[PDB]
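This document starts with one chain, in the form deposited in one PDB entry, laid out as structure tokens.
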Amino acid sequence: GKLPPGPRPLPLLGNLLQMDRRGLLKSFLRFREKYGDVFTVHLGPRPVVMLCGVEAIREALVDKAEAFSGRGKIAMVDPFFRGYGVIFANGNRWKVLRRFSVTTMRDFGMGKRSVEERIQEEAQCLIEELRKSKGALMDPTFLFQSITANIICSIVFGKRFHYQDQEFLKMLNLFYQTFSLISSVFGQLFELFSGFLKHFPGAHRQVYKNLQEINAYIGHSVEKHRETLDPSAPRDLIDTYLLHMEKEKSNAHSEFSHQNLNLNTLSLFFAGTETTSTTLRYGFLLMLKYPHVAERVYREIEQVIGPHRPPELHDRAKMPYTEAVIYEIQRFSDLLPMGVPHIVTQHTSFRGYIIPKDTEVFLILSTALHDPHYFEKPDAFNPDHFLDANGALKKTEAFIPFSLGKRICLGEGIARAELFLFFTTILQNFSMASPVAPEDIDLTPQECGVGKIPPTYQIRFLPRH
């Protein structure tokens, strides 16, 4: 009958005075030193249980899924989402939204394109755009958000936007700034003291205002889908939801509400755009720092695919090196180092500790991805972390960047397809250069909070021959 151990808190400040200035993640890795894999930290007024290492995390999300499957809050965006949409929902609202989103993120209608096909098409558009740049320097952030946003758009809104569309780019800008502001030092501090800091000016207000501006776009798209809805031929995920709404309207407790429609839709957009693109940004920075890996990846593309046939998912199994590189990009880039917060949904016992219902829990995914027993020298980028003796692909159970269990990333199959196809399709057509010599490329993230965000950089894409 005790919570996990941890540093002794003060009233009001919780463990603030024991924290590391460099962030939550660093704070928690120090605590782990002292207390081991399961400990309690008081983030202002809330005790939060931290679980570290693949064994503890898997034991919680998979073996104790009846208790560890709740969703906790991200203080920076809770005032906006308020438990609407699939990411932030619990209970029956979650079950409904998850079932809906999973099915509709995969089955689209006979004669509608596959996931692979939309990605393949977006990849050709991206290569045509990169050709048109003629080797000019760019920060590729906007293009990497455009291609990942466009895959979600084709599912959600039934169309794609053009790369030079300044309105499309305005919404990409809002998603980008929001993810940065959520992961900033302020955003981390807000996680501790949201109750106090919310009365004052700060980034939380800018985040809230950004999300309302994206929400206004969605609300208008929804209305215009409603006006043109053909109940016999759903175009996209919005039409499918409208039909469920119509079908359940006689139940006042239907979860197909207007607020879930907007916020689930937003949720999918945010997650679909900022995750994969951020991974891509890091991956191309790593290719600049390790041009020998990129050159090896090209050799493999040449031998297995050739210089012109578009890459397809069937190529994956014949490309162990490219796959190792992409896993290692994900491992090293550690997109969500503390995952997304969980909450326990019933009184539970965990390695002797007793964790009461409603206790918030962070799974520190970063500790699995940097576990030195699975990855020798885990702080260095090295695709050999994923290769055996023969150069064959060695997967491992510590590779959990999508989490595990009931709340495991529902975009996983999409993200993996997007990483492989965009990565290989770009390298099939271009090598990369930049004004910064490999030795001087600094990989230090620009933010490290909920999200790990790479520094900005310039790069050129040089066409092959």
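In case it trips you up, residue 1 is the first one in the sequence shown, and so on. Note that the rigid core is defined as the largest set of C-alphas that superpose within 1.5 Å between two forms.
Where the other entries of this protein model the residues before and after it, residue 311 is kept in all of them rather than dropped from a third.
In none of the other PDB entries of this protein that model the residues around it does residue 195 lack coordinates, well short of a third. Relative to its counterpart among 372 to 380 and 386 to 394, 386 to 394 has the higher mean temperature factor, C-alpha atoms as listed in the PDB entry. When the mean C-alpha temperature factors of 417 to 425 and 25 to 33 are read from the deposited coordinates, 25 to 33 comes out higher. Across 277, 330, 120, 166, the entry's maximum B-factor at the CA atom is seen for 166.
Of the candidates 246, 255, 323, 129, the PDB record gives 246 the highest C-alpha temperature factor. In the PDB entry, residue 262 places in the lowest third of its chain by CA B-factor.
When the CA B factors of the chain's modelled residues are split into thirds, the value for residue 38 lands in the middle one.
In this PDB entry, the Cα temperature factor of residue 355 sits in the top third of its chain's modelled residues, the highest group. In the deposited entry, the Cα temperature factor of residue 150 places it in the lowest third of its chain's modelled residues. For residue 270, the recorded CA B-factor ranks within the highest third of the chain. Only modelled residues enter the ranking.
Just so it is clear, the following notes concern the form deposited in another entry, a form of the same protein that is not shown.
Once you line up the core between the shown form and the other one, the CA of 74 is the only one from 74, 294, 143, 369 that shifts by 2 Å or more. Comparing the forms between the shown form and the other one on their rigid core, the Cα displacement of residue 453 stays under 2 Å. After superposing the rigid core, the C-alpha of residue 201 moves by 2 Å or more between the shown form and the other one.
Once the rigid core is overlaid between the shown form and the other one, residue 246 counts among the residues whose Cα shifts by 2 Å or more.
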